[PDB]
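Given next are the chains, with one letter for each unit.
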Amino acid sequence: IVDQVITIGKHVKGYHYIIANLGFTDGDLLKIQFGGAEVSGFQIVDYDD
Amino acid sequence: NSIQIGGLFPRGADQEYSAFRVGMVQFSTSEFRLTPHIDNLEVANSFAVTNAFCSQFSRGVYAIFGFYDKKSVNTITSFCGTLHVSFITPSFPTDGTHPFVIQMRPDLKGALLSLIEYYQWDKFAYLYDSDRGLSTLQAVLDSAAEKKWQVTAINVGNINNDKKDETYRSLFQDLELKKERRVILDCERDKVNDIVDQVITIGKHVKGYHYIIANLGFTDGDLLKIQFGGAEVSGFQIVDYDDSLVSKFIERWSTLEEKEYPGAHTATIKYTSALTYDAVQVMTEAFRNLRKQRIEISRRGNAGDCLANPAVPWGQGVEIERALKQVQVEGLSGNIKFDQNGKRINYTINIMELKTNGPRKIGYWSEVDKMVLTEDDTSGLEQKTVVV
Amino acid sequence: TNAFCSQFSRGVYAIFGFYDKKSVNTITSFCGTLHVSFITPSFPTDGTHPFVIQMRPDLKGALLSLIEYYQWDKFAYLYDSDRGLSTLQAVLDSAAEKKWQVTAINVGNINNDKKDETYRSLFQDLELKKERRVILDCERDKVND
Ligand SMILES: *[C@@H]1O[C@H](CO)[C@@H](O[C@@H]2O[C@H](CO)[C@@H](O[C@@H]3O[C@H](CO)[C@@H](O)[C@H](O[C@@H]4O[C@H](CO)[C@@H](O)[C@H](O)[C@@H]4O)[C@@H]3O)[C@H](O)[C@H]2NC(C)=O)[C@H](O)[C@H]1NC(C)=O
């Protein structure tokens, strides 16, 4: 879905995407890291522990 | 019969050498066969270029077909001009007048200029490459005073692959100071793909932006990634796949085995490879005209070292050059004919506009006619005009 | 190339000479492989090149710092093609970092017969923007003209 959002260019400033799963940091986020859209998610495996 | 010809290729040339072999097979008549001596070496190092040129000269070649980079242009031109050796190259044409060189690639500066005239651009960005030659950059800089444009030229060529992601993002953040939406990329397809990837990463490929690819390899690079972004992409293509000749050539090209001929099974061919094929054709027709006019070419052996205190250039090479420049044939690049200097005259460069369906032939340009073909939609798709 | 290989066959230890826009690539690639020392007072090569000693210092930063000192925002740049486009590329790249409107004209490729006409037409074309600040990147012999 993120790849498709990138292809259509709907990941720029203004858009807001919330990932509704406990796998936020396991998947690569660098492709939308610089798009502009504010992405938010959830993580159960805190690597800082 | 067996005409020894030189074949200097870069080590990274694969589809170009494949098209050279396909052209060698297609035009190997029983009247005479062209035997090529292939030398794969580093195109950048001018010392190795000089060594290979003097090796071919010591072997006794009649016409050298090769490529060159910004370092080797002067050595090749100054060696072929003095030693009277014929040279054929699909690379970028030399700036000015240079003899004994047949540049298969046509002149694209007027094409980009006429396209800017058609789009009516007054302020845009120009990301240029240093290795591709500053000829087009000088032409647009000189036109920036005749027609008064505010162009922002950036040398993106000198970037390191380690700091690649950082330099490109900083470049586009610096280009957002003027809020630039119109960008022209004067780079090779291999680098244009990276620039497009970075534009996709930063999200500057949405509606509003306009990107012009300033090279004859528009369809060679993958355009489907920016096909649906929203930004109107436009470029230039010399190898028109809609041609019946090009279609019949691609029919055999795709069916060829990928193991023996590298990069041949594809349906799209790079413009450099097609220009290599057409150069082989032009060489064959040149030697055929030399046989038709009963002009005997012969070396008997070798005159000696290219380096000499008495400069000894063999005369018959002039006739070979004249026969090369006189040939007017039809090939993958369209109409192929050369003038007294060796540049391409009377050519057909198609202007493509990437829509949602894909690459669309929006027009074509020539040396005499600027922006002719107004085919398909003539501004009549989704307009919605309410009659009051 | 002929003179360089003649000196190499003679047995020189270090060659002191000059080069033009055409021959530079031949010299650098010949001294680099044959490990022969070269010294030249001409313009420095763009980038890093070994076995070459350029006596001339780098002037790009001097012109850039002088433009910063004079506080110029819109000017003309009449450059020479034979003298190398290094300074022109440096000022074009700085024209986005510091945002300048530079009008670069290639005055280098002009004929001595049509000299007065090409120059008068160039300055008449530069009066469209009413440019008063001009930078001349040419050799002294041409700067006098
Ligand atoms: C289809 O193709 C035809 C042949 O290729 C072409 O006819 C050519 O037309 C052009 C312009 O009309 C002619 O160009 C001139 O060439 C002569 C020398 O041959 C010169 O008068 C001049 O160039 C000179 O040579 C140098 C060029 O760099 C330069 O140093 C000189 O100062 C001077 O400029 C013109 O450029 C050309 O000769 C014609 N060819 C022939 C064989 O007669 C058709 O126009 C073309 N048609 C279409 C529709 O494309």
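- As recorded in the PDB header, X-ray crystallography is the method behind this entry, and the stated resolution is 4.65 Å.

Considerations on the interface of chain C and chain B
Part 1 of the reasoning: Taken residue by residue, the interface counts 27 residues in chain C and 31 residues in chain B.
Part 2 of the reasoning: Regarding the contact of chain C and chain B, the summed buried area is about 2600 Å², with carbon and sulfur atoms giving 54% of it.
Part 3 of the reasoning: Of all residues in chain C, the largest losses of buried area upon contact with chain B belong to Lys-22, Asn-25 and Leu-92 of chain C, amounting jointly to 20% of the total for that side.
Part 4 of the reasoning: Where chain C meets chain B, there are 0 salt bridges.
Part 5 of the reasoning: Taken together, the elements giving at least two residues each to the side of chain C that touches chain B come down to α1 (2-10), α2 (24-34), α4 (86-97) and β5 (101-106) of chain C.
Part 6 of the reasoning: When residues of the side of chain C that touches chain B are assigned to their parent elements, the largest contribution, 6 residues, is made by α2 of chain C.
Part 7 of the reasoning: Along the lines of polarity and charge, the residues of the side of chain C that touches chain B split into 8 nonpolar, 12 polar and 7 charged.

Describing unusual backbone geometry
Part 1 of the reasoning: In the Ramachandran plot, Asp-376 of chain B falls in the positive-phi region, its phi being about 65° despite a non-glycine side chain.
Part 2 of the reasoning: Along the chain, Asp-376 of chain B turns up in the segment after β14 (359-365).
Part 3 of the reasoning: Phi angles above zero are rare outside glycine, and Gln-71 of chain C is one such case at about 55°.
Part 4 of the reasoning: Along the polypeptide, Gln-71 of chain C turns up in the loop between α3 (60-70) and β4 (74-79).
Part 5 of the reasoning: Taking the relative accessible area as the measure of exposure, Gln-71 of chain C reaches 69% and is therefore exposed.

Here we look at the environment of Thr-385 of chain B
All names here are of chain B.
Part 1 of the reasoning: Relative to the elements of secondary structure, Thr-385 occurs in the segment after β14.
Part 2 of the reasoning: Here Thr-385 falls in the exposed class, since its relative accessible area comes to 68%.
Part 3 of the reasoning: C-alpha of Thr-385 to C-alpha of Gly-66: the two residues are 319 residues apart in sequence and 56 Å apart in space.

Examining the packing of helix α4 (residues 109-119) of chain B against helix α5 (residues 135-146) of chain B
All names here are of chain B.
Part 1 of the reasoning: Contact pair α4 / α5: the axes reach a minimum separation of 10 Å and the direction vectors enclose 40°. Viewed along their axes, α4 and α5 adopt a mutual orientation that is oblique. You can see that α4 and α5 cross each other, and the crossing is right-handed. Where α4 abuts α5, its residues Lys-109, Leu-112 and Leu-113 lie against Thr-136, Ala-139, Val-140 and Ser-143.
Part 2 of the reasoning: Residues belonging to the contact of α4 with α5 are distributed by class as follows: 4 nonpolar, 2 polar and 1 charged.

Topic: the pattern of salt bridges
Part 1 of the reasoning: Throughout the structure, instances matching the rule amount to 29 salt bridges over all chains.
Part 2 of the reasoning: In this structure, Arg-360 of chain B and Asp-376 of chain B form a salt bridge, with 2.3 Å as the shortest nitrogen-oxygen distance. One end of the pair, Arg-360 of chain B, is in strand β14; the other, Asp-376 of chain B, is in the segment after β14, and 16 residues separate them in sequence.
Part 3 of the reasoning: We classify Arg-360 of chain B as buried; its relative accessible area is 18%.
Part 4 of the reasoning: A salt bridge links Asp-145 of chain C to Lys-115 of chain C, with the nearest nitrogen and oxygen atoms 3.2 Å apart. Pair noted here: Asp-145 of chain C is in the segment after α6 (140-144) and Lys-115 of chain C is in helix α5 (residues 115-126), with a separation of 30 residues, a long-range link.
Part 5 of the reasoning: Several salt bridges converge on common partners, so that one network encompasses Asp-3, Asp-28 and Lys-31 of chain A.

Conventions we followed
Residues numbered from 1 in each chain as written, not as in the entry; some residues may be left out. Chains lettered and ligands numbered in written order. Part of a larger assembly, values for the part shown. Heavy atoms only, no water. Contact = heavy atoms within 4.5 Å. Buried area = accessible area lost by both parts, 1.4 Å probe. Salt bridge = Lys/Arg side-chain N within 4 Å of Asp/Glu carboxyl O. Helix = DSSP H or I, 4+ residues; strand = E, 2+ residues; numbered from the N terminus. Nonpolar A, V, L, I, M, F, W, Y, C, P; charged D, E, K, R; others polar. Buried < 20%, exposed > 50% of the residue type's maximum accessible area, 1.4 Å probe, protein only. Axes fitted to C-alpha atoms, helices over the stretch in contact; angles between N-to-C directions. Parallel < 35°, antiparallel > 145°, perpendicular 65-115°, else oblique. Left-handed = near helix turned anticlockwise from the far one by under 90°.

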